[PDB]
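Novice: First, the structure itself, so that you have it in front of you.
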Amino acid sequence: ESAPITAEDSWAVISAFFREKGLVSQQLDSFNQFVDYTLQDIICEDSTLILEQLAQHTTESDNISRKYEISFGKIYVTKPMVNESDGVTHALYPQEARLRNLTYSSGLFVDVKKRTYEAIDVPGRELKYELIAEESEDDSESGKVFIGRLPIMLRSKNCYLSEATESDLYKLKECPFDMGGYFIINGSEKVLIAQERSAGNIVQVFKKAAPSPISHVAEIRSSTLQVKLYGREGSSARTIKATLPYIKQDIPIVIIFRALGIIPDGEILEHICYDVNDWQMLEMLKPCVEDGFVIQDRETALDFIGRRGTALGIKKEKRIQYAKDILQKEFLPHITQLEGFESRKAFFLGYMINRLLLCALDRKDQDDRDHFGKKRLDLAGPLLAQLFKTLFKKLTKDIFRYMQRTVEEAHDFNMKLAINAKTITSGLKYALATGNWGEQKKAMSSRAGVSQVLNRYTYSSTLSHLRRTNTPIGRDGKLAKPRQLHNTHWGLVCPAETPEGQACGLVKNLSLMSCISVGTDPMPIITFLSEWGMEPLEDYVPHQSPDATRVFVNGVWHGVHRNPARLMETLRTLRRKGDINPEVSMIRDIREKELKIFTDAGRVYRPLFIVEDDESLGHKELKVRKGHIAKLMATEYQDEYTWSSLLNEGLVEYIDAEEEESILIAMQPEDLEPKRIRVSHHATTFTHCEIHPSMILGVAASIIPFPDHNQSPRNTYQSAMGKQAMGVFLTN
Amino acid sequence: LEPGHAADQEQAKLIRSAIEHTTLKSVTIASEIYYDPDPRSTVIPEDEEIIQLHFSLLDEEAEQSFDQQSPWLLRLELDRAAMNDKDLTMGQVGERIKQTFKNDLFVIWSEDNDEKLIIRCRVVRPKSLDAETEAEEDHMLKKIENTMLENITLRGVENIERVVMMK
Amino acid sequence: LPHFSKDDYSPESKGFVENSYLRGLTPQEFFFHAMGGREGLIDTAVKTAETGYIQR
Amino acid sequence: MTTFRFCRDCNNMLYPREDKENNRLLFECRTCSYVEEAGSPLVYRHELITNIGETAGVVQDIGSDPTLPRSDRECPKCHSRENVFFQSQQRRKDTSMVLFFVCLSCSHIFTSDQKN
Amino acid sequence: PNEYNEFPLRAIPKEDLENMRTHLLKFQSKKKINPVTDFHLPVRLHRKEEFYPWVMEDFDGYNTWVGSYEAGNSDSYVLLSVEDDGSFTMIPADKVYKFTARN
Amino acid sequence: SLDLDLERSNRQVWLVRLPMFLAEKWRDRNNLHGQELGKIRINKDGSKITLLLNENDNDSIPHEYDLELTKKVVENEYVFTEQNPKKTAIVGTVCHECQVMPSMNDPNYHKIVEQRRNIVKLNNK
């Protein structure tokens, strides 16, 4: 029962995987995340609306200043239903929406509370408002203000189809072979194809050809910061300059450090360079010190900043305050926004310029822009959140404008009249139907093709359509590198199946087991990380400990550490034992002494096995055994013991395209022990195994027989032509 | 090449050297900007041997101009291989054209037989320089040293980066 | 590829297919063959248009 | 090899200056009155081409990287036959393919090129 | 090796903390600065709520320190005041200020 | 309100870092009345330090934690107090830096880490 594993067990585990997740799980999970959590936060961002009407001083009775406060509360979502022209209300089902050209959607209810404050406007004195009237109907059903209608994706949590059995689907006349994952808009089925994006909060070092004085560039997007190094290699003149937002001329780096709060010159180099012995680092930083030593004053730099604003002739002190506020408000917002976090910003700027200068000293290379680990996929959820935020902002602006208008006439406003509930509904319906992802007024410049009409020609065509990703680069753009297949696509993208013509390589189809992460909070991770022996970045001195690992969380440096091996072992223990959900990625780079933790959304991951060293057998072996496979067979035939049972026991692990840079995988299980030509790989420190190589293929190419005896373009051609065969697209 | 020189490699390499663009920055393994406060004597033993060579080999005008030599030095440790590749004699090419161009930089230079080819490039300026000017030694000399490395052409024709032999 | 070791220069690790279409391709050489084919696919799909413009 | 020198008062780097009546070099801080006596006529250095031997880079805890290969060569110091080996980690274009071996036990660095 | 010493853990009541507001006073220097010699008593400390930075000037004006508030110190520090009985009393930390010397 | 009280500032003061939950639990006002709430134990070699909470406290909190040394020598840190221009008084100079971690021997660690799991699951973004 302690025996090794054979490929039959691999197919057993895959059978369990598809019996648990499904082929369209990504859309459903993104929609559930959006509806349950993000929708509440989008309104809670802008709950309070304030009107401050000062006294017109026309008469004594007009000397009272007024304040109006509007606040929002919970969100309630009903099951989809329709009200006919007669005013009768009945629950709407997909058949009626399809036949009658309706729109599958539901209604949204939000709590609203109002407050009125009145103060006596005494000139020369601060206004002291007092609570007088507060309208809050939380104790009655009239408090739920109807705000709009939201489309519903099939088979999601709200839809009636979620809990339907086979006889339920037949009496309602469903195809049991239908999976959901699409909207019904205007009586036609629509689907949202995943949209590819380049990640943010990651410093990237580039390079330039030299007809121009530019030599290197360091980029970060949080708001953008460019710290450029000018001066050719080997010359005496070295310049390092940063380009801040709303500052045009630009100013050097030592001036930035002086303005930021680090006055002494010796501390600058402790911020930049983390190795005392290296002399080339300081040699390249010498001209910066020489030029920045002339001015020991923040205020000259702040005067530099003040002149370049649109307003001209401002007094010096106001310019000082403005330039002071620019740093904490718009300079690297992804670290912090509130006041007093200057040490973190100074160290992060030092780290960025350190990495730029390291690349400038040929110790490393340019960042690869094609690496699939630096790309995120936007599903229905994020796109809906974007559009909902925009429309809600416009709607609340309109409410404020109308309420001001009715205050001008001294008329009480009806909250059920100030709201134009048609704005949200019309905007969402127009965006989903036309596909132009933007406002109706500015739809010309918005993204297109985001929403497409589902293809039902054959069943495999529906399957292939619900699993498609688009790379929003100009399809006539002559950039060859995004088109070509890249080393990081192993197991996450189908190599065979791609369109032909102008969309070659730009349209991608996932493999059978490449899921996507939903999103999770980073705060508990940071709290635990500081709990288990992490020194904060405030109390970090380079010279006391020059061999300290740096610690990152989603691209913001929080400090250092001294013994990282046990931290990684404990972190992976907790990730494997369910204390943290396995969608979080945790990489360690030994060569540069770095730790990176990612908890964001949009990362493609695939399952893999786990290799551990068994001393009783004297060598390594998988954690999985014949007992687990027997339990899987028992549960499958009984259709308990499921895929999550394997996951929580530390038998499988989800690996993205970034952690893969620091692992070793044995492809066949028998390759882990000490026709065709199969070579015995020299490795002996294996960490994971491939569940099965066949899964590196999509859904289209999983029907060719013996695909490896074929030239690859032939596999591509059949993956194309498999969507034009005639057959039973649905059993109903 | 010419009909006579076509079959022999040596005239071909002479022509190849005579065509390629050669500049000072390419021929210095260490064109190091050093402090040269008193060029009369140094601490490094290697340049000390070269010192007495020219100090017994300088004319009366050079003896008068001893004070014109900059308080900083272009100390040229020159690579033997690069110098011999372009058939570049140390003295004639190092000094004739360089002093002829603007009478800007004088040199104490050794014969090629020394194990370390060390040149001392000391710029020449009138003593009539202003007090504020004379105080800012480094300010003039770093700039003129950069303009010296970049803008002096020992031999060759412009814009031709490489020349290569083929059969 | 994640199945190799750092600084590997052997032919089988750098895209050499020692099998045949009658024998069968192992996964890694299958992947490398796929990239090789993708190159020519792209070539046709775009340089059709460029050559069209030149011809006109 | 010129080294930066910081003033003992405000940590600012010391600028050179000359003393004509004694003809001696000094380092002064432009912000305070500190002056210190120069010990050598070597203040600045500008090399052009780097004749640096290729370096293995960071070595600390390199034996726990599981993507690094192995070898059975014998240690020249502790006579152990297990070690890690890798190519030069400096990314110059023209670097040769000369290996570097780090011993498992004594953490000793050596190369496969035994040139006398 | 199991010999240990005994330090009881005491605290300071609310009546003393009400009129005693604590503030972490941090000086930036590369040298061990002590007020016994480097400060000529008395010292003048004022603010010229966190908008005005702290200013600590000596009687002769030679030693002037300007202190700014550093925020985001997520570590809630504690003060361990030693009493006459050798016990340690806890004092919660309210604010942290960093001082630098005037040029 | 100008002079500094240095008459009793000669004694060295420990610098200890407490965990967030433990520190917040120790900010309780009712327990500030000079009550003896815990004790420390120092090894003969001084490498291992154990903090044991007194039994007078509720059994809902772990009664054992361990301490680790960050810097063997700690310099240029002073502890002050300010009371009612405000009158300031230095308390002393900092001697050692130590950090608190939960003890594995006390099972209550798991419980609070269980609560940590309870913290992890509820909040979402």
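Each chain in the structure tokens gets a letter, A, B and so on, in the order shown; residues start at 1 in every chain, and ligands are counted from 1 in the order they appear.
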Going by DSSP on the backbone, which bits of segment 73-158 of chain B are strand (DSSP E or B)? Write them as a PyMOL selection string, please.
Specialist: chain B and resi 73-78+105-109+117-123+153-155
Novice: Taking 3 positions as the minimum chain separation for residues in the same chain, which residues sit within 6 Å of residue 149 of chain A when counting only C-alpha atoms? Answer as a PDB file with N, CA and C atoms, in the first residue's frame.
Specialist:
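After the write, out.pdb holds the following:
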ATOM      1  N   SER A 106     -31.393  40.853 -12.896  1.00  0.00           N
ATOM      2  CA  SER A 106     -32.039  40.992 -11.598  1.00  0.00           C
ATOM      3  C   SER A 106     -31.970  42.447 -11.154  1.00  0.00           C
ATOM      4  N   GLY A 107     -32.465  42.719  -9.949  1.00  0.00           N
ATOM      5  CA  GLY A 107     -32.536  44.072  -9.429  1.00  0.00           C
ATOM      6  C   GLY A 107     -31.668  44.251  -8.201  1.00  0.00           C
ATOM      7  N   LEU A 108     -31.204  45.484  -7.994  1.00  0.00           N
ATOM      8  CA  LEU A 108     -30.275  45.819  -6.919  1.00  0.00           C
ATOM      9  C   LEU A 108     -30.929  46.795  -5.950  1.00  0.00           C
ATOM     10  N   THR A 425     -28.714  50.739 -15.665  1.00  0.00           N
ATOM     11  CA  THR A 425     -29.279  49.681 -16.496  1.00  0.00           C
ATOM     12  C   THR A 425     -28.924  49.886 -17.961  1.00  0.00           C
TER      13      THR A 425
END
Novice: Please find the residues of chain A near chain B - the criterion being any atom within 10 Å, counting only C-alpha atoms - and write them as JSON, numbers by chain.
Specialist: {"A": [234, 235, 236, 237]}
Novice: For the residues in the current selection, export N, CA and C atoms as a compact mmCIF listing (two decimals), in the first residue's frame.
Specialist:
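Everything below was put into selection15.txt:
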# COMPACT_ATOMS: atom_id res chain seq x y z
N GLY A 234 31.61 54.28 -19.76
CA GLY A 234 33.01 54.61 -19.76
C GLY A 234 33.33 56.10 -19.73
N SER A 235 32.33 56.96 -19.90
CA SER A 235 32.58 58.39 -19.88
C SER A 235 32.61 58.91 -18.44
N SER A 236 33.08 60.15 -18.29
CA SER A 236 33.21 60.74 -16.96
C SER A 236 31.86 61.21 -16.42
N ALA A 237 30.95 61.60 -17.30
CA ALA A 237 29.70 62.25 -16.89
C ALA A 237 28.62 61.21 -16.65
Novice: Near chain A, which residues of chain F fall within 6 Å when you count only C-alpha atoms, and what do they look like as an mmCIF file with N, CA, C and O atoms, in the first residue's frame?
Specialist:
data_model
loop_
_atom_site.group_PDB
_atom_site.id
_atom_site.type_symbol
_atom_site.label_atom_id
_atom_site.label_comp_id
_atom_site.auth_asym_id
_atom_site.auth_seq_id
_atom_site.Cartn_x
_atom_site.Cartn_y
_atom_site.Cartn_z
ATOM 1 N N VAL F 120 -7.989 35.152 9.215
ATOM 2 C CA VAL F 120 -7.610 35.047 7.806
ATOM 3 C C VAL F 120 -8.846 34.882 6.927
ATOM 4 O O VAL F 120 -8.978 35.529 5.880
ATOM 5 N N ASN F 124 -12.020 39.742 3.277
ATOM 6 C CA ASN F 124 -11.746 39.521 1.863
ATOM 7 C C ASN F 124 -11.648 40.858 1.147
ATOM 8 O O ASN F 124 -12.155 41.882 1.618
ATOM 9 N N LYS F 125 -10.982 40.842 -0.003
ATOM 10 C CA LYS F 125 -10.834 42.031 -0.831
ATOM 11 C C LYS F 125 -10.857 41.666 -2.311
ATOM 12 O O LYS F 125 -9.833 41.722 -2.991
#
Novice: Residue 33 of chain F: which residues within 8 Å, counting only C-alpha atoms, same-chain residues fewer than 5 positions away excluded, as a PyMOL selection string?
Specialist: chain E and resi 10-14
Novice: Keeping only N, CA and C atoms, write those residues as a PDB file, in the first residue's frame.
Specialist:
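Now in again06.pdb:
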ATOM      1  N   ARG E  10       5.202  44.880  37.013  1.00  0.00           N
ATOM      2  CA  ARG E  10       4.230  45.816  37.555  1.00  0.00           C
ATOM      3  C   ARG E  10       3.763  46.756  36.447  1.00  0.00           C
ATOM      4  N   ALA E  11       2.959  47.751  36.821  1.00  0.00           N
ATOM      5  CA  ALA E  11       2.433  48.701  35.853  1.00  0.00           C
ATOM      6  C   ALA E  11       2.218  50.048  36.530  1.00  0.00           C
ATOM      7  N   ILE E  12       1.842  51.034  35.722  1.00  0.00           N
ATOM      8  CA  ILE E  12       1.605  52.400  36.174  1.00  0.00           C
ATOM      9  C   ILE E  12       0.123  52.697  35.990  1.00  0.00           C
ATOM     10  N   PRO E  13      -0.589  53.152  37.026  1.00  0.00           N
ATOM     11  CA  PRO E  13      -2.047  53.318  36.910  1.00  0.00           C
ATOM     12  C   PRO E  13      -2.458  54.475  36.009  1.00  0.00           C
ATOM     13  N   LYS E  14      -3.772  54.622  35.811  1.00  0.00           N
ATOM     14  CA  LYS E  14      -4.285  55.649  34.908  1.00  0.00           C
ATOM     15  C   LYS E  14      -4.075  57.052  35.460  1.00  0.00           C
TER      16      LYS E  14
END
Novice: Using DSSP on the backbone coordinates, identify all residues within chain E classified as alpha helix (DSSP H); present the result as JSON, numbers by chain.
Specialist: {"E": [14, 15, 16, 17, 18, 35, 36, 37, 38]}
Novice: Need the shell around segment 50-61 of chain E: protein/DNA/RNA residues with any atom at most 12 Å away, counting only C-alpha atoms. Skip same-chain ones fewer than 2 positions apart. Format as number ranges by chain?
Specialist: A: 339-340; E: 23, 25-27, 35, 37-48, 63-71, 95-102; F: 2-4, 85-86, 88
Novice: When you get a sec, could you note down which chain D residues fall within 12 Å of chain A, using only C-alpha atoms, as number ranges by chain?
Specialist: D: 1-15, 29-31, 44-50, 54-71, 88-95
Novice: Could those selected residues go to a file with N, CA and C atoms, as a short mmCIF file (atom, residue, chain, number, x, y, z; two decimals), in the first residue's frame?
Specialist:
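Saved as selection_8.cif:
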data_model
loop_
_atom_site.label_atom_id
_atom_site.label_comp_id
_atom_site.auth_asym_id
_atom_site.auth_seq_id
_atom_site.Cartn_x
_atom_site.Cartn_y
_atom_site.Cartn_z
N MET D 1 43.68 52.74 -6.22
CA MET D 1 42.23 52.60 -6.25
C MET D 1 41.67 53.64 -5.28
N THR D 2 41.12 54.72 -5.83
CA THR D 2 40.69 55.85 -5.02
C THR D 2 39.50 55.46 -4.14
N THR D 3 39.53 55.91 -2.89
CA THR D 3 38.50 55.61 -1.92
C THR D 3 37.85 56.90 -1.43
N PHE D 4 36.52 56.89 -1.34
CA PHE D 4 35.81 58.03 -0.79
C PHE D 4 36.10 58.16 0.70
N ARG D 5 36.34 59.39 1.14
CA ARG D 5 36.59 59.70 2.53
C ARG D 5 35.55 60.69 3.02
N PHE D 6 34.89 60.35 4.12
CA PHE D 6 33.83 61.18 4.68
C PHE D 6 34.35 62.02 5.84
N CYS D 7 33.85 63.25 5.92
CA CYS D 7 34.19 64.12 7.03
C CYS D 7 33.67 63.54 8.34
N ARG D 8 34.45 63.71 9.40
CA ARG D 8 34.08 63.17 10.70
C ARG D 8 32.98 63.97 11.37
N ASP D 9 32.62 65.14 10.83
CA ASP D 9 31.62 66.00 11.46
C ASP D 9 30.21 65.71 10.94
N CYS D 10 30.00 65.82 9.63
CA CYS D 10 28.67 65.71 9.06
C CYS D 10 28.57 64.64 7.98
N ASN D 11 29.50 63.69 7.96
CA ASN D 11 29.49 62.53 7.06
C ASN D 11 29.57 62.90 5.59
N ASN D 12 29.82 64.17 5.26
CA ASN D 12 29.98 64.56 3.87
C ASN D 12 31.36 64.14 3.35
N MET D 13 31.42 63.84 2.06
CA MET D 13 32.68 63.42 1.46
C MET D 13 33.65 64.59 1.39
N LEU D 14 34.92 64.30 1.62
CA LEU D 14 35.95 65.33 1.71
C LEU D 14 36.47 65.69 0.33
N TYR D 15 36.53 66.99 0.04
CA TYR D 15 37.07 67.48 -1.22
C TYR D 15 38.55 67.82 -1.06
N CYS D 29 36.14 69.58 4.35
CA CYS D 29 34.70 69.49 4.21
C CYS D 29 34.16 70.89 3.96
N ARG D 30 33.43 71.06 2.86
CA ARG D 30 32.96 72.38 2.46
C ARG D 30 31.91 72.96 3.40
N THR D 31 31.37 72.16 4.32
CA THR D 31 30.35 72.63 5.24
C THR D 31 30.89 73.02 6.61
N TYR D 44 42.05 60.31 -7.25
CA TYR D 44 41.02 59.86 -8.18
C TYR D 44 41.63 58.89 -9.17
N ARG D 45 40.80 57.98 -9.69
CA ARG D 45 41.27 56.96 -10.61
C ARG D 45 40.16 56.64 -11.61
N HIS D 46 40.52 56.57 -12.89
CA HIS D 46 39.56 56.33 -13.97
C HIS D 46 40.12 55.27 -14.92
N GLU D 47 39.82 54.00 -14.63
CA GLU D 47 40.17 52.93 -15.55
C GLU D 47 39.15 52.86 -16.69
N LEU D 48 39.57 52.24 -17.79
CA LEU D 48 38.75 52.15 -18.99
C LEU D 48 38.25 50.75 -19.28
N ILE D 49 39.14 49.76 -19.35
CA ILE D 49 38.75 48.38 -19.63
C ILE D 49 39.08 47.53 -18.41
N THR D 50 38.15 46.65 -18.04
CA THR D 50 38.22 45.89 -16.80
C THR D 50 38.86 44.53 -17.07
N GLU D 54 36.64 36.36 -13.84
CA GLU D 54 35.22 36.10 -13.64
C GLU D 54 34.97 35.50 -12.26
N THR D 55 33.90 35.96 -11.62
CA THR D 55 33.60 35.64 -10.24
C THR D 55 32.32 34.82 -10.15
N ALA D 56 32.28 33.88 -9.20
CA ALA D 56 31.10 33.06 -8.98
C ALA D 56 29.96 33.82 -8.33
N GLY D 57 30.19 35.04 -7.86
CA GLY D 57 29.12 35.80 -7.24
C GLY D 57 28.79 35.31 -5.84
N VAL D 58 27.52 35.48 -5.46
CA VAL D 58 27.08 35.10 -4.12
C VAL D 58 27.24 33.60 -3.94
N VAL D 59 27.78 33.20 -2.79
CA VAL D 59 28.11 31.80 -2.54
C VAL D 59 27.34 31.31 -1.31
N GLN D 60 26.96 32.24 -0.44
CA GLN D 60 26.31 31.86 0.82
C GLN D 60 25.05 31.05 0.57
N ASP D 61 24.98 29.87 1.20
CA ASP D 61 23.81 28.99 1.15
C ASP D 61 23.46 28.62 -0.29
N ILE D 62 24.47 28.46 -1.14
CA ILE D 62 24.21 28.09 -2.53
C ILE D 62 23.92 26.60 -2.67
N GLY D 63 24.22 25.81 -1.64
CA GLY D 63 23.98 24.38 -1.72
C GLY D 63 22.54 23.95 -1.55
N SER D 64 21.66 24.87 -1.18
CA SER D 64 20.24 24.58 -1.02
C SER D 64 19.42 24.95 -2.25
N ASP D 65 20.06 25.32 -3.35
CA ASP D 65 19.33 25.61 -4.58
C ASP D 65 19.16 24.30 -5.34
N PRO D 66 17.93 23.78 -5.47
CA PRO D 66 17.74 22.45 -6.06
C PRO D 66 17.74 22.43 -7.58
N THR D 67 17.88 23.57 -8.25
CA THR D 67 17.94 23.61 -9.70
C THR D 67 19.37 23.66 -10.23
N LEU D 68 20.37 23.57 -9.35
CA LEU D 68 21.81 23.61 -9.60
C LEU D 68 22.35 22.19 -9.74
N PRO D 69 23.19 21.94 -10.75
CA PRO D 69 23.62 20.57 -11.02
C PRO D 69 24.62 20.05 -10.00
N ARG D 70 25.12 18.84 -10.22
CA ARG D 70 26.06 18.20 -9.30
C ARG D 70 27.21 17.60 -10.09
N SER D 71 28.21 17.13 -9.35
CA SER D 71 29.37 16.47 -9.93
C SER D 71 30.03 15.62 -8.87
N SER D 88 30.02 30.88 -14.83
CA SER D 88 30.22 32.21 -14.28
C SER D 88 28.91 32.99 -14.28
N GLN D 89 28.59 33.60 -13.15
CA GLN D 89 27.32 34.29 -12.98
C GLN D 89 27.39 35.76 -13.39
N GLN D 90 28.52 36.23 -13.90
CA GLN D 90 28.62 37.55 -14.49
C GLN D 90 28.27 37.45 -15.97
N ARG D 91 27.41 38.34 -16.44
CA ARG D 91 26.68 38.15 -17.70
C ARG D 91 27.33 38.88 -18.87
N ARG D 92 28.65 38.98 -18.89
CA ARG D 92 29.32 39.60 -20.03
C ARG D 92 29.14 38.74 -21.28
N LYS D 93 29.17 39.40 -22.44
CA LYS D 93 28.97 38.71 -23.71
C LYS D 93 30.09 37.71 -23.99
N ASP D 94 31.34 38.09 -23.70
CA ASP D 94 32.51 37.36 -24.16
C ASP D 94 33.06 36.41 -23.11
N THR D 95 32.33 36.18 -22.02
CA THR D 95 32.80 35.27 -20.99
C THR D 95 32.99 33.87 -21.55
#
Novice: With 8 Å as the limit and counting only C-alpha atoms, what residues in chain C lie close to chain A? Please list them as number ranges by chain.
Specialist: C: 1-5, 18-27, 30-31, 33-35, 37-39, 41-42, 45-46
Novice: Please provide as a PyMOL selection string all residues within 12 Å of residue 260 of chain A, with the sequence filter that same-chain residues fewer than 2 positions apart are discarded (counting only C-alpha atoms).
Specialist: chain A and resi 253-258+262-264+268+296-299+301-302+323-328+331+340-347+349
Novice: At a cut-off of 12 Å, using only C-alpha atoms, what residues contact residue 120 of chain B? Leave out same-chain residues fewer than 5 positions from it and give the result as number ranges by chain.
Specialist: B: 30-36, 39-40, 42, 47-48, 50-51, 54, 69-78, 94-95, 105-110
Novice: When you get a sec, could you note down which chain E residues fall within 10 Å of chain D, using only C-alpha atoms, as number ranges by chain?
Specialist: E: 29-31, 101, 103
Novice: Counting only C-alpha atoms, collect the residues of chain F whose closest atom lies at most 7 Å from chain E, and write them out as a ChimeraX atom specification.
Specialist: /F:2-3,13-14,17,27,29,32-44,76,80-85
Novice: Hey, can you spit out that residue selection with C-alpha atoms as a compact mmCIF listing (two decimals), in the first residue's frame?
Specialist:
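Generated file (again-v5.txt):
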# COMPACT_ATOMS: atom_id res chain seq x y z
CA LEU F 2 12.25 73.06 30.88
CA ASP F 3 14.87 71.10 32.82
CA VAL F 13 16.32 49.76 30.39
CA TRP F 14 15.45 46.68 28.35
CA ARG F 17 9.30 43.89 21.16
CA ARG F 27 -2.60 47.94 27.15
CA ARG F 29 -6.30 49.95 31.85
CA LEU F 32 -2.37 48.99 35.17
CA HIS F 33 -2.72 49.32 38.96
CA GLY F 34 0.76 47.95 39.69
CA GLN F 35 -0.53 44.38 39.49
CA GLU F 36 1.99 41.55 39.18
CA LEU F 37 0.94 39.97 35.88
CA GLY F 38 3.99 38.01 34.74
CA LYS F 39 7.60 37.03 35.24
CA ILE F 40 10.78 36.48 33.22
CA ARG F 41 13.34 33.68 33.35
CA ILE F 42 16.88 34.02 32.00
CA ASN F 43 19.09 31.07 31.09
CA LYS F 44 22.55 30.74 32.63
CA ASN F 76 22.17 55.61 21.16
CA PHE F 80 12.07 59.57 28.28
CA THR F 81 8.80 60.69 29.86
CA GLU F 82 6.89 63.94 29.36
CA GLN F 83 4.37 65.37 31.82
CA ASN F 84 2.45 68.62 32.30
CA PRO F 85 5.26 73.83 27.22
